[PDB]
Amino acid sequence: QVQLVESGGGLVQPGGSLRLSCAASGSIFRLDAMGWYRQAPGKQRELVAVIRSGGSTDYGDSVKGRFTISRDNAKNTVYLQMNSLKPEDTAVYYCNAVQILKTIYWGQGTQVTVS
Amino acid sequence: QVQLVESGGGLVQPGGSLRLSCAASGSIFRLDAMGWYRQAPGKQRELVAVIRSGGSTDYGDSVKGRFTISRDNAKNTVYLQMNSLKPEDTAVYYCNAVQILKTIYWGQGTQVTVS
Amino acid sequence: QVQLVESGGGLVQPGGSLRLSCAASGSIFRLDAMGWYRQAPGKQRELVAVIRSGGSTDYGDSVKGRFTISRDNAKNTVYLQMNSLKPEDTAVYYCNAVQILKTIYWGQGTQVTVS
Amino acid sequence: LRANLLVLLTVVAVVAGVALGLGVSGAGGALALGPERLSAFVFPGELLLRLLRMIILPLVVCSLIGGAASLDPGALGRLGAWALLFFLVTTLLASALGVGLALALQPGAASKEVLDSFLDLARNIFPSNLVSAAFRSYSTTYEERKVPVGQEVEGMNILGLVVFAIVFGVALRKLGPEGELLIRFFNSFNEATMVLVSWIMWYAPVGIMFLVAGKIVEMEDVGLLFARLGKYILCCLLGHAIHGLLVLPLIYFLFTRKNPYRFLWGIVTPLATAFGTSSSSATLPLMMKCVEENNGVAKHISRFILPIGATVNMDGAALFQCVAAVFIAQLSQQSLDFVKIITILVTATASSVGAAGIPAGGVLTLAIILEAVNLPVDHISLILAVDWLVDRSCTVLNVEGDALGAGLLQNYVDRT
Amino acid sequence: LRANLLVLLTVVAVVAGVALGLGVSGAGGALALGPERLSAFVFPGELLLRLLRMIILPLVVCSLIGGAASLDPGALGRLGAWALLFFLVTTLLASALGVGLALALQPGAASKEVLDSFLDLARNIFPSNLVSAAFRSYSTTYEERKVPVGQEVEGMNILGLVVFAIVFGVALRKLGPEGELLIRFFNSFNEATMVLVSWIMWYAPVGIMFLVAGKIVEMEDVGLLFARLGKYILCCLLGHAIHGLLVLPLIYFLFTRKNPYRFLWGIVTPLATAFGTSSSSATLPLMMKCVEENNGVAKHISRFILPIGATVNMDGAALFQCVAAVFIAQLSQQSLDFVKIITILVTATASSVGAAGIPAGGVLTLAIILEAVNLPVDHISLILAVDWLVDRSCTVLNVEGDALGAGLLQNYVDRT
Amino acid sequence: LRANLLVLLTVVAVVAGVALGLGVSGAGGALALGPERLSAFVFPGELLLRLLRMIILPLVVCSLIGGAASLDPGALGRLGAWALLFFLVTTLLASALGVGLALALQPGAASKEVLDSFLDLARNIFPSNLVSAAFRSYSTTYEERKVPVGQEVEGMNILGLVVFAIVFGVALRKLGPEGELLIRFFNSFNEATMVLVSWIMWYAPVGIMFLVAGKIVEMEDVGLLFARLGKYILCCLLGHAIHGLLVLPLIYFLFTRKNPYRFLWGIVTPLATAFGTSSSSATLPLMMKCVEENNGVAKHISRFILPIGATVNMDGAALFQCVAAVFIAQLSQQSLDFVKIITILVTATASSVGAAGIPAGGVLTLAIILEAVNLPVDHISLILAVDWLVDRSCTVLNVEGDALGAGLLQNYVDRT
Ligand SMILES: CC(C)CCC[C@@H](C)[C@H]1CC[C@H]2[C@@H]3CC=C4C[C@@H](OC(=O)CCC(=O)O)CC[C@]4(C)[C@H]3CC[C@]12C
Ligand SMILES: CC(C)CCC[C@@H](C)[C@H]1CC[C@H]2[C@@H]3CC=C4C[C@@H](OC(=O)CCC(=O)O)CC[C@]4(C)[C@H]3CC[C@]12C
Ligand SMILES: CC(C)CCC[C@@H](C)[C@H]1CC[C@H]2[C@@H]3CC=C4C[C@@H](OC(=O)CCC(=O)O)CC[C@]4(C)[C@H]3CC[C@]12C
Ligand code: NA
Ligand code: NA
Ligand code: NA
Ligand code: NA
Ligand code: NA
Ligand code: NA
Ligand code: NA
Ligand code: NA
Ligand code: NA
């Protein structure tokens, strides 16, 4: 089983920076992807970032250029570096870890407020 | 879905003060009431405080006058201000958030010791 | 219901010391034993330490003489004192609380890295 | 038109099914088709019925467990505890009025002993096996040695499942923080089931079209249906007129000794909005504003009670559902004894609590009610042909009861 | 009085049922009532039976999963493992003694081949469908071409559910921290089921009164029933005396080679307390004190083993339950073959572990056993007539075996 | 030895079963034993079949829910979505080729109307009751008044359970972080079920030996069995050769316009390793190395796609399973109509994804397929006699497609 530990988040002034961390601990047979989704109040969740085995990454349209997802390959942890934050970035951020066609793990979610 | 985050518990001296906070994050269709119950070792759980939509509040008989429940209407958070704490107030405190006839969310509980 | 809260763990240099704590909160009819297991990456679960009602204790073979399990009988908490830590002591540590033939409670696990 | 698109598609599917059935009956018919083509012709409607029947068990069980577990005494206080009883009593009265009017006027008109019927009802209220209750129920027949012998026969014991879910939810409420895992489990199972239900509703227009076409092909004189359907509408509207102009004002006067029609004149505009939009959620803000300003109800009463009543208290929906159940029973030549009427009232009260405050919110609850008393569900396609009209009167009656309950509680507060 | 209110209410209900049955029998009997009035008269007891049968499934499954998953090797060590083996062996011996005495003395006395019976037992131990096992079990009949043909017939497969729950709990025990969510889920389901069980027990006296009245009305000779009841008490007490004065002392002497009666003299006061209070929990503190002081058992053995045995090791309850099962089988003119005796022993060994250390703790487990062997549960109302006596003799046997267990383990500690 | 102990013990068990059956038949036989000894003689194999059938339900439901919920669009991207479509299409083509070859070449060779068969298929795809579907299926018979009448008959509705589990998993995927509790619950239930499956596999050799002995005793011409087994092996190997040398290279050429045999020459060593080890997991590192260095596929494609395909894309297993299903149908003289063929293809396409990259990984999925089409599962012990050969040809086909998919995506990356 996998346990997801989230760190980072909180209140940040516009134009500030954050560094979210999602660490997976335990045993998974084949971790295929790891990433972040976000849900703003009243809207559906949207992809923020994802990094997959082999090194490929994808980003949401709104956060391209500013957000950067990276992986500490030693401990199966991912880092979301958020720069030039806007007030529209205020949301609950959920990290997930996916073994495709086997199972998915979702985080509890961390609030990020930009104001 | 609602996630409840509790803070503000621990050890305090008789006549001291504490400020518990229960924050609900996520999506609920209609939050009707938010409050605190407490269970002392060996006794049944008893109401501490409720605040309901519309502003009405209720308190347990033992804690009337000393405890005060308040709401941060901005971020859907409740605060329990406990003043003139006594050894009888040592218990596990659970916050809950209710949508009547739909569902209820209970917190994990925070230990409060007065000695 | 019992809720297990773990404290301690993290990164420690070889020859260092740590003090894990597992505290049980809530109501259990009869707590029979409390202890720690550990799982290293790639290996199976192994007993670290256990203390039972009546005072008897047991330890894993690799950790005998260095680790010491103790009980705070006041608040139903156990402490694992790890001394002379070695790089083979790097694992996820799970505390558990057992009522025999009724139920078992497992902790979420705390990572311990000796390097 | 993007909003309420599903209602438009259901009405369009009814029209298309009528046209298809008339065309098939004219150019050929059931005799020309033969059973081979007839059974395949109505199959999409049968698939819709199978999907509806399949989602009933998880939906009923999970929603009722959650509803019962959430009745925290502190969260309600004395005011909410009295409001919930007022809601239950008025919903029961609306259901009884609908059943009585449909029995007296006979909109749809063109065995086991009494004690054994009651005993079978009691055996089904308390099933002896939870797993069997999902697909069987107890029934008594007679063998002439006439001694009654009973056994489990095919048909989901909906009433027993409802009772078990309520009692289990009350147990979870008693456990409180200890029952948190089970409360979350059943709540999330209910959410997944609701996703499935929303997927089923998108397929529903095709099944409805073929169900209507099959019924029209089977029917001999179609023009007679519109004589009964119209009568059905009357039985609904009359009921809404009696509950809303006589029963509820009488209750308000008996508890308040004040004019109820002055209160209704204070809430006329939200009632007009409820009729126009056919939605309780859309008229809730206006209702709170008018009840506070025009009727002088304190905000701590209105802002608590009216949002709960907007979802929970639905007298119009209950009256409509009971009238529809009796109307379908009369159309199907089935006989309604006291056991089936009691089951109709109980399931209708629970479903009216469970019905949504949206246009056509009570149709799926009606399907559950019909399944609870072994009535044909394919007749629902007849009542949703006119739901755009009945549902607006339902919404008016649904919001008026909330307003009058708030006024009654405000009077009690003012007297104390 | 308020502490034992439920036991007093059960005895009062038995007396009232006897009075009702005698009054009805004298005033015309069942003939005057007729089948309809008789059925309505006995219905409240049937409702209780249905409620018990309904809660049987979740209780057995969830409790056994939790009990199996909690058998952590480190939490037990060598001492707890040997103690658990000793508990199991002595409970099996008590059950066998009870069955043997009830077969030899015949307190209640006034088709399928052997190989097929064993094969049906094996097929029911390993059911081919978990959902079907909740309400059906495999049985073999014969057709003359006699070739045996088998199929699933009505009747919940309690043995198969017990075996599956144990094996699933053992799998969860192997998963350890990874089976945590399932362990919590089944634990909380068991707690909710226990809340329902307490509510059903509060209803129970009303059902018991009518069960007793319906039994009294049917019978012609009521005086013979009292002689059979007296023989059942004698069988139970004789089994308790043999187990507690011969079998357990013999085991203690064989493993220890000293006087077991000196050890029993060391615990006379806790035994007197167990008889007086009919409770193992109320005996545990004085038992630990007496064992440690008089018998010289180390605190790390007593304060670990005795609390576990106070709950899980119940030889008296097992002996009583097996005697009661055979007695009810003889009262109903049913035949107990080897398969049913094996089922009685296995279900009783599980149930005495699952029984509570309170007055009348073994009655519900007895109902589970009777349902497992398809015996009439309504005869339990007879056993409840005398439990206030028999249960007390059970408690003495329940707490003795723990003590002699601890004193046994201490000897090994003294030898090593 | 210890690495492949279970496979070796399976082959030893089939050999011992053949010897025991020949000994029993030659010295005496079924007639000498009679039914009273024949029934007990084959019982361990029946017990094994019983355990397999019991484990089928939780495994299928939980694994499919988990697999459907995990199809996160962001985790896959465009490349993973296209790779998954390629995997599904090629698995369907392999299953269809296996069925067609086993129909044309008949290795095993020595009622309901078409419309009703399809309607029954659609009814079982969408069951009316989830609980009933665990042990019953919809079937149509005819009454001469030939009016088709249908009802639920015995036999677990595996196809309906598969469809429901997939749809529920898609609903959980749509809920996302909100469906987390249910996702964890079903994943952990699947893990516990897999623990039980491993224990059952440890018991399996005894049951297999007695199944083989019973079949050998009941049969007269044993050499005919070997002839049919050789024809079945030929069908399996021919299907693997056609899929691997004609179909997949043609797809690669059609999407790439390059030589597929040069690409295959780039992976000869991993293919030899796949044949030797009969394991896709042991082939994956060398396969990634060869596909990157020899075939010039970028690491961000290989290190993502090949590990997923090593588990989910098993064309050889699907072809083997469909051939085995048709072969067993022909051995049992059952008739495979279009509904059975559709069910075979659908269950095989799901089970090939669910099969494991280990030796003899597709046997349990084959048991699931046979149970899905009501085919005899005891015939599996025959194909287990040659799996050590056939499975080795499956692995080569299981790892080849993953490679050709990767090279098929890299080309697109090279063109965009
Ligand atoms: C077809 C019609 C006639 C059926 C009507 C039956 C229901 C109205 C009854 C049947 C069983 C009853 C339940 C039986 C037991 C209980 C437990 C009872 O709980 C307690 O006594 C303690 C509550 C707590 O501490 O949480 C509350 C009422 C309730 C839910 C009852 C509510 C009303 C129920 C559902
Ligand atoms: C009715 C009478 C005649 C027989 C009753 C049958 C039971 C006593 C048997 C039937 C199946 C048996 C189970 C079959 C499989 C296992 C798994 C086995 O687990 C292991 O081998 C590993 C244990 C772990 O790693 O946790 C432990 C014994 C157990 C629970 C067995 C315990 C005894 C059981 C329940
Ligand atoms: C003869 C053969 C074709 C029988 C096998 C039938 C299945 C392949 C079909 C029957 C029902 C189908 C399902 C019906 C409904 C849906 C919901 C649908 O969900 C959405 O539209 C939204 C998805 C999301 O938002 O998560 C996705 C396809 C799916 C799972 C379908 C997948 C394919 C299924 C399982
Ligand atoms: Na109402
Ligand atoms: Na409602
Ligand atoms: Na309303
Ligand atoms: Na015992
Ligand atoms: Na005991
Ligand atoms: Na017990
Ligand atoms: Na494939
Ligand atoms: Na593969
Ligand atoms: Na596979």
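Structure determination for this PDB entry was carried out by cryo-EM, with a resolution of 2.31 Å recorded in the header.

In this section: helix α5 (residues 114-125) of chain D. Relative to the 16 Å expected for 12 residues at 1.5 Å per residue, α5 of chain D spans 17 Å between its end C-alpha atoms, a close match to the ideal helical length. Within α5 of chain D, the full set of buried residues consists of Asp116, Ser117, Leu119, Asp120, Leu121, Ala122, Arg123 and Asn124 of chain D. Contacts from the buried residues of α5 of chain D go to β1 (136-143), β2 (147-154), α7 (158-175) and α15 (338-354) of chain D together with α2 (29-69) of chain E.

Okay, the coordination of the sodium ion (ligand 8) next. All names here are of chain E. Bound to the sodium ion (ligand 8) are the protein donor atoms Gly309 (O), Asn313 (O), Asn398 (O), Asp402 (OD) and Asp402 (OD), situated 2.2 to 3.0 Å from the metal. In the primary sequence, the donor residues of the sodium ion (ligand 8) line up as G-x3-N-x84-N-x3-D. Residue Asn398 and its partner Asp402 are both found in helix α17 (residues 387-415); the two are separated by 4 residues, about one turn of the helix. Among the residues examined, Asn398 registers a relative accessible area of 6% and is labelled buried. Looking at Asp402, the relative accessible area reads 3%, which means it is buried.

Each pair of donors in an ideal four-coordinate tetrahedral metal site encloses 109.5 degrees, whereas pairs in an ideal six-coordinate octahedral site enclose 90 or 180 degrees. Residue and element names in this part refer to chain F. Taken together, the protein donors to the sodium ion (ligand 11) comprise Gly309 (O), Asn313 (O), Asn398 (O), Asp402 (OD) and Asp402 (OD), at separations of 2.2 to 2.9 Å. Each donor residue of the sodium ion (ligand 11) lies on one chain, and together they are spaced G-x3-N-x84-N-x3-D. Here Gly309 is found in helix α14 (residues 299-312), whereas its partner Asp402 is found in helix α19 (residues 387-415), with 93 residues between them in sequence.

Residues and elements named next belong to chain A. With antiparallel pairing, 4 strands are arranged side by side in an open sheet as β1-β3-β8-β7. The open sheet terminates on both sides in strands that have one partner only, identified here as β1 (2-7) and β7 (67-72). For this sheet, the mean angle separating the axes of adjacent strands, direction not counted, is 15°. In this structure, β1 lies alongside strand β3 (residues 18-26), joined through 6 bridges in antiparallel fashion. When the bridges of β3 are listed, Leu4 appears paired with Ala24.

Counting 390 residues, the largest nonpolar core has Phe168 and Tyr232 of chain D, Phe168 and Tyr232 of chain E together with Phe168 and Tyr232 of chain F as its most contacted members. With near-sequence residues (within four places) excluded, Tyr232 of chain F lies in contact with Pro107, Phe320, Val323, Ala324, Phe327, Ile383, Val386 and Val390 of chain F.

On to the pattern of salt bridges, then. Applying the stated criterion to the full structure yields 60 salt bridges over all chains. A salt bridge links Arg38 of chain C to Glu46 of chain C, with the shortest nitrogen-to-oxygen separation between them at 2.7 Å. Exposure remark for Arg38 of chain C: the relative accessible area of 4% places this residue in the buried category. Through salt bridges that share partners, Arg38, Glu46, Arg66 and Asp89 of chain A make up one connected network.

At the interface, 23 residues of chain A touch 32 residues of chain F. Each partner contributes to the roughly 2300 Å² buried at the junction of chain A and chain F, and carbon and sulfur atoms together form 59% of this total. One can count 0 salt bridges joining chain A with chain F. Across the contact surface, chain A and chain F share 12 residue pairs in polar contact. Those elements that provide at least two residues to the side of chain A that touches chain F are β4 (33-39), β5 (46-52), β9 (91-99) and β10 (103-106) of chain A. A class-by-class count of the residues in the side of chain A that touches chain F yields 11 nonpolar, 7 polar and 5 charged.

Bringing unusual backbone geometry into the picture now. One non-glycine residue, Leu101 of chain B, lies in the positive phi region at around 65°. If you trace the backbone, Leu101 of chain B turns up in the loop between β9 (91-99) and β10 (103-106). The residue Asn4 of chain D is not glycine, and still its phi comes out positive at about 60°. Counting through the fold element by element, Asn4 of chain D comes out in the segment before α1 (5-26). Classification of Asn4 of chain D as partly exposed rests on a relative accessible area of 42%.

Right, let's talk about the site of ligand 3 for a bit. As a structural note, the neighbourhood of ligand 3 is formed by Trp199 of chain D together with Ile125, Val163, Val167, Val170, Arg173, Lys174 and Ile342 of chain F. Around ligand 3, the nearby residues trace back to chains D and F. In the environment of ligand 3, an oxygen atom lies 3.5 Å from a nitrogen or oxygen atom belonging to the side chain of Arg173 of chain F. In the complex, 51% of the free accessible area of ligand 3, which totals 760 Å², lies under the protein chains. Of the residues forming the shell around ligand 3, the biggest block, 5 residues, is contributed by helix α8 (residues 158-175) of chain F. Residue composition of the shell around ligand 3, by class: 6 nonpolar, no polar and 2 charged.

Quick notes on the rules
- Residues numbered from 1 in each chain as written, not as in the entry; some residues may be left out.
- Chains lettered and ligands numbered in written order.
- Heavy atoms only, no water.
- Helix = DSSP H or I, 4+ residues; strand = E, 2+ residues; numbered from the N terminus.
- Expected span 1.5 Å × (residues − 1).
- Buried < 20%, exposed > 50% of the residue type's maximum accessible area, 1.4 Å probe, protein only.
- Contact = heavy atoms within 4.5 Å.
- Donors = N, O, S within 2.8 Å, 3.2 Å for Na, K, Ca; no water.
- Pairing = 2+ DSSP bridges.
- Axes fitted to C-alpha atoms, helices over the stretch in contact; angles between N-to-C directions.
- Core = buried A, V, L, I, M, F, W, Y, C linked by side-chain atoms within 4.5 Å.
- Salt bridge = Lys/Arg side-chain N within 4 Å of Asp/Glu carboxyl O.
- Buried area = accessible area lost by both parts, 1.4 Å probe.
- Polar contact = N/O pair within 3.5 Å; in protein donor to acceptor, adjacent residues only side chain to side chain.
- Nonpolar A, V, L, I, M, F, W, Y, C, P; charged D, E, K, R; others polar.
- Near = heavy atom within 4 Å.
- Areas by Shrake-Rupley, 256 points an atom, 1.4 Å probe, with all protein chains shown as cover.

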